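A.B. asks:
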Amino acid sequence: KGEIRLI
Amino acid sequence: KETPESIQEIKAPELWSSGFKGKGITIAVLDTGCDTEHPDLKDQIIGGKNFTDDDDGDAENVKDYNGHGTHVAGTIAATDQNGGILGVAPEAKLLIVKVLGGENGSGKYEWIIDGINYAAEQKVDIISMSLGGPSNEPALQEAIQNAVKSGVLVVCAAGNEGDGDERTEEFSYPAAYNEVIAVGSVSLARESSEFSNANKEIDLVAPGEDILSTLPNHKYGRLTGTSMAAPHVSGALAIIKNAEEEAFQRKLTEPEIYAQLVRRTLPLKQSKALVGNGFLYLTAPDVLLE
Amino acid sequence: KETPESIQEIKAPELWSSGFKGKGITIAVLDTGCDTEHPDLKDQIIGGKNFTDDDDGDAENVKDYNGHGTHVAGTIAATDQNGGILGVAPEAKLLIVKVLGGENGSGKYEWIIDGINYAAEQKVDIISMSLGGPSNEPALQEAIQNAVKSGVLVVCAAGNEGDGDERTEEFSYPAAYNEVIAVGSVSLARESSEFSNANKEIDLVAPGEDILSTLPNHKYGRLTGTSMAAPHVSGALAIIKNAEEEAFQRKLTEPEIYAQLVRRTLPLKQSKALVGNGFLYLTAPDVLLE
Amino acid sequence: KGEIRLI
Ligand SMILES: [Ca+2]
Ligand SMILES: [Ca+2]
Ligand SMILES: [Ca+2]
Ligand SMILES: [Ca+2]
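Protein chains in written order, with the authors' numbering: chain A, 18 to 24; chain C, 36 to 325; chain D, 36 to 325; chain B, 18 to 24.
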């Protein structure tokens, strides 16, 4: 439902 | 096979002289994983744990399909003892936490939360994260909170979603949480990166433009993002901890090391919303003695 | 006006220049009490509670039968007009908590804890203590821990049992608790004062010898001891809390303000056991712009 | 009993 990616 | 100009710019060699190279510090690396056989890293890694989907959720498989995770690793603590490259804390130890699966390099919050909770139960000194997420989820905040009250220094890239205007803000999580040591990126002329997130929760900035570190399969390469700034701070924390536990003759608490971290910072003239306390510069107090 | 030697030396006026004089900071002075009608202090106080036995527990009577509380309260925030002297933070407000009775300036850990919690209850920004006792009573660490939990800055003089010798530790509480910002004492020339306790929990030092500030009945006078050094720090965080909160454009937390305390510190060539991070020197990161 | 003096 909630996502992160590198940056 | 020396010291990425980036790592000399933050003044880490001048701390190696005094014998502060990271020894005794464990740093959990919450990223896309890490190729654990890379020569510049093999004896730096102490453990590896998968929380993403890749490899049928084989938890011991941490293979880095993206590159960034090994790249982050090398910047923190790559050793030259195999004729390779150096990190900011080359006598410190990495724990590899794979919370981003697939090659485009993206993981689910519960995986990030899994690795944060893990990292603390393993009692690392430093959690290093180079990820961002656009939403503030309360389970995330609490995990961040729990780790910090546990004594862990929680470092995160601040967010790439920035535009250049210090009047307009962008919020990346977990960086945006007050507890995190949110790290923005600068030019190597130290100007604020155009993509550096601005908000009121930037702590400091590090080099994040065109950074040389290790890539999987005994290779190297440059990259870009606040994902490159953060490992400069992460590694640097480990040698600050070394310098200060010696000077104070005891172990230093989480807030103390933070004070010590922003004490090793020279300020910039740009706004605190872009640069935080300033540029990570580990010889700043000496500069005060002159 | 002729602001004291020591206050110029800690560079306070150079922050008065910027408008940082204490506006909105509230400091609870736990001490012998105070003569609340001294011209340089009558305005600056917002209330007073006494937990001693003097006046028979008449809690509204905080009058100073020793002279130190008034001297301390004067060093934090005495006012320029009505003649007289300038505190470190003349635009801030003081709360007179009287936990030390009689002329010998003694009180029980009951009355100290009471007042600490009373200042916490009243939601003040800083607790300045210049007391000290050899027993380590968990309930006292309790009170301070709860107060820092809520986000108070807890300042305390380091103790007057030093013997010049950094290889020998002397412990005074509450200074000795890690959570407490322990303040040791130097001289005109920033030399460690022989009586300043030495241990692994000194955070910084301030002028503690021959400090002239307000004495009861429109009088002044000089005193010596770590009790003179802590109020320099207490009034400083007022100024500092105002400075950094502008620069960041938000309210800072207790670990952030602490970091900003240590940043405005000056490295000293003496053991951390005696001087901690060094000398309270409020322009110190401007000295870094060079 | 604790007790503590000004310092
Ligand atoms: Ca921006
Ligand atoms: Ca922060
Ligand atoms: Ca001594
Ligand atoms: Ca402290």
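All C-beta atoms, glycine included, are put in the ideal place defined by N, C-alpha and C.
1. Helix, strand or coil for B:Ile24? Go by DSSP, reduced to three states.
2. According to DSSP, which residues form a beta bridge with C:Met164?
3. Please list, in chain order, the residues of the stretch 54-70 of chain C that have any C-beta partner in chain A closer than 9 Å.
4. Closer than 9 Å, Cβ to any Cβ of chain D: which residues of the stretch 176-206 of chain C, in chain order?
5. My assumption, with CB atoms under 8 Å, is that D:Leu301 sits in contact with D:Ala319. Please give the rounded CB distance.
6. Touching or not, the stretch 102-110 of chain C and the stretch 283-293 of chain C, by the rule of three or more beta carbon pairs under 8 Å?
7. Please list, in chain order, the residues of the stretch 159-173 of chain C that have any C-beta partner in chain A closer than 7 Å.
8. Could you check the C-alpha separation between D:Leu247 and D:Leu258 for me, to the nearest Å?
9. Please compile the residues from chain B whose C-beta is within a distance smaller than 8 Å of the C-beta of D:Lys36.
10. Given the structure, does residue 33 of chain C come close to ligand 1, in the sense that its CB is under 7 Å from one of the ligand's heavy atoms?
11. Closer than 6 Å between the C-beta and any heavy atom of ligand 2: which residues qualify, listed along the chain?
12. Quick check on DSSP: helix, strand or coil for C:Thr105?
13. Mind listing which residues have their beta carbon within less than 5 Å of any non-hydrogen atom of ligand 1? Chain order is fine.
14. Output yes if chain C places a C-beta closer than 8 Å to the C-beta of D:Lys84; else output no.
15. Which chain A residues sit within Cβ distance under 7 Å of C:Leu130?
16. In its own chain, which residues sit with a C-beta less than 6 Å from the C-beta of C:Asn152, not counting the 5 before and 5 after it?
17. Identify every residue that forms a DSSP beta bridge with D:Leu129.
18. Go ahead and label C:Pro173 buried or exposed: buried means 16 or more other beta carbons lie within 10 angstroms of its beta carbon, across all protein chains shown.
19. Can you look up C:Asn85 in the DSSP assignment and give me helix, strand or coil?
20. Return the residues of the stretch 232-252 of chain C that lie within a Cβ-Cβ distance of less than 7 Å from chain D, sorted by chain order.
21. Between which residues of its own chain and D:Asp93 is the CB-CB distance below 8 Å, once the five residues before and five after are set aside?
22. Please report how far the alpha carbon of C:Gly142 lies from the alpha carbon of C:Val240, in whole angstroms.
23. If contacts are defined as beta-carbon pairs under 8 Å, then D:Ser163 and D:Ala265 qualify, I think. What distance do you get, rounded to the angstrom?
24. If you draw a straight line from the alpha carbon of D:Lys98 to that of C:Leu188, how long is it in whole angstroms?
25. What number of angstroms, rounded off, separates the C-alpha of D:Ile274 from the C-alpha of D:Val297?
26. Using a Cβ-Cβ distance under 8 Å, would C:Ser222 count as near chain A?
27. Is D:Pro242 helix, strand or coil when you go by DSSP?
28. Which of the three DSSP states, helix, strand or coil, is assigned to D:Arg298?
29. Using DSSP's beta-bridge definition, name the partner residues of C:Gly219.
30. What distance in whole Å lies between the Cβ atoms of C:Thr87 and C:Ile80, which are believed to be in contact at a cut-off of 8 Å?
31. Mind checking C:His253: buried by the 16 CB within 10 Å criterion, or exposed?
32. Residues of chain A with a CB under 8 Å from the CB of C:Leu121: which are they?
33. Give the DSSP bridge partners of D:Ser53, in chain order.
34. Is C:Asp90 a contact residue of ligand 3, with contact defined as CB to any heavy atom under 7 Å?
35. What residues of chain C sit near D:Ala282, judged by a beta carbon separation below 7 Å?
C.D. replies: So, from the data block:
1. As a position in the fourth sequence, residue 24 of chain B is number 7, starting the count at 1. Reduced to three states, the DSSP call for B:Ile24 is coil.
2. By 1-based counting over the second sequence, the position of residue 164 of chain C is 129. In the DSSP assignment, the residues bridged to C:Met164 are C:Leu65 and C:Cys191.
3. The stretch 54-70 of chain C vs chain A, Cβ under 9 Å: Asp66 and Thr67.
4. Taking 9 Å as the Cβ-Cβ cut-off against chain D, none of the residues of the stretch 176-206 of chain C qualify.
5. As a working mapping, residue 301 of chain D is identified with position 266 in the third sequence. As a working mapping, residue 319 of chain D is identified with position 284 in the third sequence. That belief holds up - the Cβ atoms of D:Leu301 and D:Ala319 are roughly 5 Å apart, short of 8 Å.
6. These segments do not touch.
7. Legend: CB atoms of the stretch 159-173 of chain C lying less than 7 Å from CB atoms of chain A belong to residues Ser165, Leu166, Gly167, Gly168, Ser170 and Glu172.
8. Within the third sequence, numbered from 1, the residue matching residue 247 of chain D stands at position 212. Within the third sequence, numbered from 1, the residue matching residue 258 of chain D stands at position 223. Our two residues, D:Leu247 and D:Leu258, have alpha carbons roughly 7 Å apart in a direct line.
9. On the third sequence, residue 36 of chain D is found 1 positions in, with the first residue counted as 1. What D:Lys36 touches in chain B: nothing, since even the nearest Cβ is about 27 Å away.
10. Missing from the structure shown is residue 33 of chain C; chain C here goes from 36 to 325 and no further.
11. Working through the chain, the matches are C:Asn213, C:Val215, C:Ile216, C:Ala217, C:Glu236 and C:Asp238.
12. Position 70 of the second sequence, counting from 1, holds the residue named residue 105 of chain C. Helix, per DSSP.
13. Here the list is C:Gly197, C:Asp198 and C:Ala233.
14. Translated into the one-based positions of the third sequence, residue 84 of chain D becomes position 49. So no, D:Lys84 is outside the interface.
15. The residue you call residue 130 of chain C lines up with position 95 of the second sequence. Chain order gives no chain A residues near C:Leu130, where near means a beta carbon separation below 7 Å; the closest approach is about 18 Å.
16. In the second sequence, residue 152 of chain C corresponds to position 117, counting from 1. Only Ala178 meet the Cβ criterion.
17. As a first step, residue 129 of chain D is located in the third sequence; it is residue number 94 there, counting from the start. D:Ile62 and D:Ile80, per the DSSP bridge assignment.
18. Here residue 173 of chain C refers to the residue found at position 138 when the second sequence is read from its first residue. It is exposed - the Cβ of C:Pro173 has fewer than 16 other Cβ atoms within 10 Å.
19. Working through the second sequence from its first residue, we reach residue 85 of chain C at position 50. Strand, per DSSP.
20. Within the stretch 232-252 of chain C, the residues whose Cβ lies closer than 7 Å to any Cβ of chain D are, in chain order, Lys235.
21. Position 58 of the third sequence, counting from 1, holds the residue named residue 93 of chain D. Apart from the 5 residues on each side of it in sequence, D:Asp93 sits with its Cβ closer than 8 Å to the Cβ of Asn85 in its chain, given in chain order.
22. Taking the second sequence and counting its residues from 1, one reaches residue 142 of chain C at position 107. Taking the second sequence and counting its residues from 1, one reaches residue 240 of chain C at position 205. Computed Cα separation, rounded: 25 Å.
23. For the purposes of this step, residue 163 of chain D is taken as the residue at position 128 of the third sequence. For the purposes of this step, residue 265 of chain D is taken as the residue at position 230 of the third sequence. Rounded, the Cβ-Cβ distance is 6 Å, consistent with contact.
24. Taking the first residue of the third sequence as position 1, residue 98 of chain D is located at position 63. Taking the first residue of the second sequence as position 1, residue 188 of chain C is located at position 153. So the alpha carbons of these two residues sit roughly 46 Å apart.
25. Taking the first residue of the third sequence as 1, we reach residue 274 of chain D at position 239. Taking the first residue of the third sequence as 1, we reach residue 297 of chain D at position 262. A straight line joining the alpha-carbon of D:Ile274 with that of D:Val297 spans about 14 Å.
26. One-based indexing of the second sequence puts residue 222 of chain C at position 187. C:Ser222 does not count as touching chain A.
27. Taking the third sequence and counting its residues from 1, the one referred to as residue 242 of chain D is at position 207. Note: D:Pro242 maps to strand in three-state DSSP.
28. Stepping through the third sequence from its first residue, residue 298 of chain D is reached at position 263. DSSP places D:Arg298 in helix when its eight states are reduced to three.
29. Along the second sequence, one-based indexing puts residue 219 of chain C at 184. Under the DSSP definition of a beta bridge, C:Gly219 partners with C:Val240.
30. Taking the second sequence and counting its residues from 1, one reaches residue 80 of chain C at position 45. Taking the second sequence and counting its residues from 1, one reaches residue 87 of chain C at position 52. About 18 Å; that fails the 8 Å criterion.
31. Looking up residue 253 of chain C in the second sequence gives position 218. Looking at its Cβ environment, which holds fewer than 16 other Cβ atoms inside 10 Å, C:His253 is exposed.
32. Here residue 121 of chain C corresponds to residue number 86 of the second sequence, with the count starting at 1. Per Cβ cutoff of 8 Å: no residues; C:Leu121 is ~23 Å from chain A at best.
33. In the third sequence, the residue the question calls residue 53 of chain D occupies position 18. According to DSSP, D:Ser53 bridges with nothing at all.
34. For this step, residue 90 of chain C is matched to residue 55 along the second sequence. Relative to ligand 3, C:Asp90 has its C-beta separated by 7 Å or more from all heavy atoms.
35. What you label residue 282 of chain D is simply residue 247 of the third sequence in a count that begins at 1. Residues of chain C passing the Cβ test: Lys307.
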